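Just so we're on the same page: letters track the sequence lines, and every chain starts at 1. Each ligand, and each atom within it, is numbered from 1 in the order the structure gives. Keep in mind that the numbers below use all heavy atoms, side chains included, and drop hydrogens, waters and symmetry copies.
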Amino acid sequence: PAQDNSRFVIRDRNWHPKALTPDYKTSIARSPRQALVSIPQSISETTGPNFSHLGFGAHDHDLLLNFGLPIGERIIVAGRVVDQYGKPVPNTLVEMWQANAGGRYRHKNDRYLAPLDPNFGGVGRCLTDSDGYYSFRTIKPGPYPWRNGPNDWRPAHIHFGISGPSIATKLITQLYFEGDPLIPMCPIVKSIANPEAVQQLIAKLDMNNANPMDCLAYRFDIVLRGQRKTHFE
Amino acid sequence: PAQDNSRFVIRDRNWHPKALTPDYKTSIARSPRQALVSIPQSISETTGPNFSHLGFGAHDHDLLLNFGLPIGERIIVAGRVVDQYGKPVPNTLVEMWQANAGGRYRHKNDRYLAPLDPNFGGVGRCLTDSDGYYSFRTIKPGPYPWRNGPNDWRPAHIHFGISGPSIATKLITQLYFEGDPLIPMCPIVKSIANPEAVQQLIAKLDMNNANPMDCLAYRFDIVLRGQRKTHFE
Amino acid sequence: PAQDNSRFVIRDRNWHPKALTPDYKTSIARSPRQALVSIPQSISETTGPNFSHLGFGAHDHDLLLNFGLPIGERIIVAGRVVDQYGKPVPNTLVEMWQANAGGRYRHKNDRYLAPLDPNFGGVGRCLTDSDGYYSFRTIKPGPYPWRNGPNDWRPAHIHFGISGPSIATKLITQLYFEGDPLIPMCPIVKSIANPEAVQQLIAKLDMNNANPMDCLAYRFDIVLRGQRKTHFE
Amino acid sequence: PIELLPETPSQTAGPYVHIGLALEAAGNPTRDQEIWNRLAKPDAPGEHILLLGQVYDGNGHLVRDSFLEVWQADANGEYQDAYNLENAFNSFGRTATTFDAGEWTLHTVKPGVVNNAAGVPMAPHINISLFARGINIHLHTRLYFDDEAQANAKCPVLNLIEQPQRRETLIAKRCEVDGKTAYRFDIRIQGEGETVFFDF
Amino acid sequence: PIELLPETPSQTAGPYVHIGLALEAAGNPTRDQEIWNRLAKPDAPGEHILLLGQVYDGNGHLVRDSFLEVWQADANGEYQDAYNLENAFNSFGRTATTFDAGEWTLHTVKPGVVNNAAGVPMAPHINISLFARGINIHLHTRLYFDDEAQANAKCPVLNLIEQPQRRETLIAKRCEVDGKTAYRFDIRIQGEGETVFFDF
Amino acid sequence: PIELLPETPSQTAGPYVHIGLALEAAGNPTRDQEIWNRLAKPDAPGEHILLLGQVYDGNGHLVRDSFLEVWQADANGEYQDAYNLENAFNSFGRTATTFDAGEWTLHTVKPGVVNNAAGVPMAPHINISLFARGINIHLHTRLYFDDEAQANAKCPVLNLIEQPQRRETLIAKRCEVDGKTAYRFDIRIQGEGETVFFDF
Amino acid sequence: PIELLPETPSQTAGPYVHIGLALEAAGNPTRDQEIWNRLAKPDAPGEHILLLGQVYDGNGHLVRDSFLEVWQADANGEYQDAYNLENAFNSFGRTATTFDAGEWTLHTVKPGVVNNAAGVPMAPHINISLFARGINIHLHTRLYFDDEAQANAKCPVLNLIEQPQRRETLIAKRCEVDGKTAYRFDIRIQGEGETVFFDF
Ligand SMILES: [Fe+3]
Ligand SMILES: [Fe+3]
Ligand SMILES: [Fe+3]
Ligand SMILES: [Fe+3]
């Protein structure tokens, strides 16, 4: 069973989006009003599932084939998961989901006019390797309108979930694409107060990881809470 | 009895910390949701106690003797109390309390594991002199952890209470010490939106007033609301 | 037995304090008038004791327990010992001594009026781990007056002695605490002509290492002379 | 515009205010002369009253660490600023709630009426300043008496409160405690029935 | 002071979280192995229980797009970190609520006792993390069992919650579902009965 | 040019160095294992010697607060870096001068000869590092023996000292104490007869 | 930290200091009232004494352009600050050394004992300030009397001088001039037997 030997760097809740960021409508009603109760870390928080043994399918991380070929900009999304100390987080689960090229999701609830792509599902999972790297192949999703403001459009984005070592590090985020003029305008994006934090969410065009004549690439690194051993406890 | 001769310059509520400053957790449930109702100054608010005749013990202001000698940095905390116009505030009550050198308070609830000091109580009081000057002799208090964020620590501080000429001028504050790195992280300090305001709470090292080979000195001048004579009322 | 396999980057004596710094009075008569004689490094100079097998007591590095609990700010002073090349210095002797929270040393000649602490001796020692990490648990010392100028006060500091891999790297220094206003005034600190150097003596508050609700942490990284392999000798 | 020296910024009193300002409440040795909750010596003129209250936070939970400063006129409507323990009556006092006693108490005399700047009388009130951990800048309020409905209705101050529902929060409820006249003044810092706090 | 790399900022899971984390629940073809809501297989030691609950927004509306993650010790108080579908018991699970099913369920066993970092036993509990559109950063909470009052009383965590009332938000209520032992744990994100959410 | 990380700047040992590095000299309880002035146990090979000296300041007054570290080779001219109290000989030692004893003493063995980087033999010497209040950066010196005039004459290091007169300052004067072979090594920090201090 | 206005910086008195501070000595017409070297009038109580001395520069050369100022208590250990030519005793005087007379003289009485701030008696002493071209900032020192060993040994000021030998520089040696009791106090600005100069 898991053991209590780690401690995690306390989250900087001023870096992360706050619960309540009104321009993002849904957050209004879905944000606690009471302060979070800080508790000391114990085994319960400092431990988490290890996904090492889950049976991944072969195309679990390849959206071009996991669902003909999808229509859209073929891209690879790759990066590394590290902790605050800059330490890699290996064998961690990275899951992602996104829309099609036209901004359409394969979910019943999506009725955007852009058609589904018979060949695209939009889900992927990948366990980070020993160095904390993950990679997916997909199509660049299109922006999509959403019912927030009257003319709100999500910048093209991919949703990400990352387990990390404990439940203390577990994170869900979204990746945005470098230069998307929609970024500075997104209320979701804007939930994050520090422009500096925003920058952390922008996947950079990575000509270096692209497949010439095939697909482009974007780099998205993820930093999880710093893990440290307990001392003088 | 007291006279309604004065008017006090209006408080700048954007200068002082606001009521709701969420990072300061306790402020969430202890901050009013309704706006403060503004009221004209009347004698009720423009007068206050005069403590000229309180029988101050001989060691009231000397924390080194008023509780063996305490363990910690012997200092003199001195300054002057003036109003916004720069006029001295003579014979005013300055009260202070603080933790011991360890950040332990001689109080039942303080379960911090730093021990009590058998020769330290931590309470002082002093009446300013004709020139608005006060001074205490104590030991520099230690920072202390507190259940706010998971890892919040208060900067070393001395709690101050200053009466001034009126209940309008009464202030409780906290003196921080020059250069304390905990200052900028304290959600309590940060309850102050203007950094220029924060500055005002920082006591400056005052070598001029130190007793060579004995104790250092900190200068903390306090500015109480300007007192003016009523005009054209 | 030890072997001459390393060279240590030459000391920058313009970086370190000079010998005669008149303002530091004792240095007038205790500074050589003649120039240091430069000598090349030999095994005499490039080797040093390895303290890996000193029988350290269980609380050798814990000033809190090695002498009731001491009165004062509980801190962990941790850091790493690295060389100028940025390589860790594992299993090195780090010794430290300091005054109590009041500036009093537990030494016969210390007649400062701040009292001794019956639970504090102020001495510690720790051997760096495989990564060059050391750590002490102590309390923050207080500044203390000394007969230099008529009003001279040393900033709170911890005396450190670091063995390093050799006698060439051995250094005695003093750690100063981030933000201490006394720092700029110290004729002893001022023995250092370059301001950038002074910065290196300044321990930085390290919240990431603090034990929530227990103690703060200061990070003091020590750079010892870079050790390089000999080449072309 | 003309700008004066800025006033020193306020800070919460924090959890240990008691050791500084309420020795005894804190259960610490007290000094020869302390500023406490007994404004009036049994021999002071006026209607000796006992004030008591509880302080609640926005969740409806008791505040067991508050510090309160009160300023009131004597029975004559005069502010007695020359503080002396020798005095039969002091205009000023302090009280607190603690883990030991969630309810504060003050032994005083009912204040007399004072006129505002413009010469209009204000209902008897006790100026209260609330301090406690979580409160950055003390809350100023006033305790009015339920038994002064008449005066209350015309208080220039009470009248500045736009909504009458709100004015009620300022009214202490009279009771008896061991046969003595007492008024219960609960302060609700936030939420339902949140107490009016002033700026002046 | 020392500053590390800043953590990647959180972003809401958005409305389509299910397509990515709860396929079946999304009603999309699932993959071979999925992390779902069956933590224990029939032949798992401990007392078999069903967990179920609803999630409410601050408006009191069901959150039909939430996604939950749980972490708990097995019956002997041990955290089984090694996730595998072949196990009789997995310490980790996922559940969701959907337009189709507004109540999430989990099939598990009552967890055994674990000690805090200080050696003090904590009452049996389930760790929960909640994600949904509108939630910028996921919320952490614990599910305690009401048939463990003795233990709950002394839990050093539950005891950190200043207010006893707040503690109750974390206690799941024992019930039976098709004559099977169940416990219901409803979460209120905001507002009345707002569930304690932790920060660690 | 290429600049590396700068070395941490030195600072004086100050007046209380004893407490940290010379427990016993300071007259403070000692720990189980202390690094002291007995490099050699009775049954350590080599010629057991006693080293003693005084330290003078620029005015000719004794330095009663110095701390000296010595590093020397064993009798075989081997540097025993693995420090252990069990060892019959340790290369490293510490000594000091105090108000009680203005004279330091060391119990060791006369060191064997070690070669310089270039393969040239250095006269038996003891590397000394002097620390004390008033000294910002420790002073490195070497103790050579007067009874080793020949070795001394060829020492590549001694030879680096331009002025012969200055080299004299590094030679300890053989004596006998309680019929023990002793060498007196007086250090004159400044002035007439100022000891040579090195940089390396 | 707090910074005050900075003190006007000192400058040397230059070579002509005499024309402005020692007229006679300068051989310029003097004014009606001059501040000079006769602190005591024949009839001043105490043991009358003549003080005489010379000033030496670093090179051992007389300083024939010094200007000195002395401050001492009267026979009773009292400081007479009100300077008056009529006084039988003045606690202050000036004297100088000129090209005409390289030895200063002061006619005064043996000072009584005064306590230091801590209450400890200091041995009888005369405070002196020396000025001259070459001295950017004046030097302070004290004259002590050799016929007062007992007291000298206990002086808290003298005892601050680390080194006993240094203390001696401050002791004036008794003699007799024309059968008159005299004490010679020579000053050595720099070098061997450099007089202790204080900073206060
Ligand atoms: Fe999306
Ligand atoms: Fe405090
Ligand atoms: Fe020191
Ligand atoms: Fe001139």
Side-chain angles (χ1 to χ4, degrees), chain A residues 96-100 103-107 109-110 112 122 141-146 148 153-160 172-176 186 188-189, chain B residues 96-100 103-105 107 109-110 112 122 141-146 153-160 172-176 186 188-189, chain C residues 96-100 103-105 107 109-110 112 122 141-146 153-160 172-176 186 188-189, chain D residues 11-20 133, chain E residues 11-20 133, chain F residues 11-20 133:
Chain A
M96 58 88 101
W97 62 102
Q98 57 166 98
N100 74 11
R104 184 72 178 287
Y105 282 89
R106 190 170 288 280
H107 185 311
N109 289 168
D110 190 1
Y112 177 48
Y144 60 84
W146 66 302
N148 191 64
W153 289 78
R154 286 311 315 294
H157 64 280
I158 296 167
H159 299 263
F160 275 78
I172 289 182
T173 195
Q174 292 186 35
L175 161 167
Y176 307 105
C186 181
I188 291 175
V189 169
Chain B
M96 64 90 97
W97 68 103
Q98 57 159 98
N100 69 9
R104 185 67 184 285
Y105 279 95
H107 188 307
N109 297 160
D110 186 9
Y112 178 49
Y144 59 80
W146 70 296
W153 295 77
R154 295 301 326 296
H157 61 268
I158 298 178
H159 298 266
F160 270 72
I172 278 175
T173 194
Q174 295 186 38
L175 173 170
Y176 299 113
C186 179
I188 288 168
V189 169
Chain C
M96 56 89 100
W97 64 100
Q98 50 162 113
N100 71 10
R104 190 73 183 288
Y105 286 94
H107 184 299
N109 299 178
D110 188 0
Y112 181 45
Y144 53 80
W146 60 296
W153 290 81
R154 290 318 313 299
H157 63 267
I158 293 184
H159 297 266
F160 268 74
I172 277 186
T173 195
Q174 292 185 41
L175 159 179
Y176 304 110
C186 192
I188 295 178
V189 167
Chain D
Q11 303 273 257
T12 178
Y16 307 114
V17 55
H18 307 140
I19 92 188
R133 59 192 252 262
Chain E
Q11 302 267 266
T12 176
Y16 302 120
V17 64
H18 304 136
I19 77 174
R133 56 191 262 260
Chain F
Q11 298 276 265
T12 176
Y16 306 113
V17 64
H18 304 146
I19 96 174
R133 85 189 225 266

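Coordination check, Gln98(A) versus the Fe ion (ligand 1): failed, since every N/O/S atom of the residue sits at 2.8 Å or beyond. Among the atoms of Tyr16(D), none of the N, O or S atoms falls under 2.8 Å from the Fe ion (ligand 2). At a cut-off of 2.8 Å, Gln174(C) is not counted among the residues with an N, O or S atom near the Fe ion (ligand 3).
Contact annotation: the side chain of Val189(A) approaches that of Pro155(A) to within less than 4.5 Å [non-hydrogen atoms, C-beta and beyond]. Side-chain contact between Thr12(E) and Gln174(A) is present, with heavy atoms from C-beta onward closer than 4.5 Å.
The Fe ion (ligand 1) forms the vertex of an angle spanning NE2 of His157(A) and OH of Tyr105(A); to the nearest 10 degrees it equals 100°.
Going from atom OH of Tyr176(B) over to atom CD1 of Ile188(B) covers 6.5 Å, rounded to the nearest 0.5 Å.
Nearest to the Fe ion (ligand 3), among the N, O or S atoms that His159(C) has, is NE2.
When ring centroids are compared, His157(B) and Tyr144(B) come within the 6.0 Å threshold.
Annotation for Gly103(A) and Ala99(A): closest pair C-CB, 3.6 Å, computed over non-hydrogen atoms.
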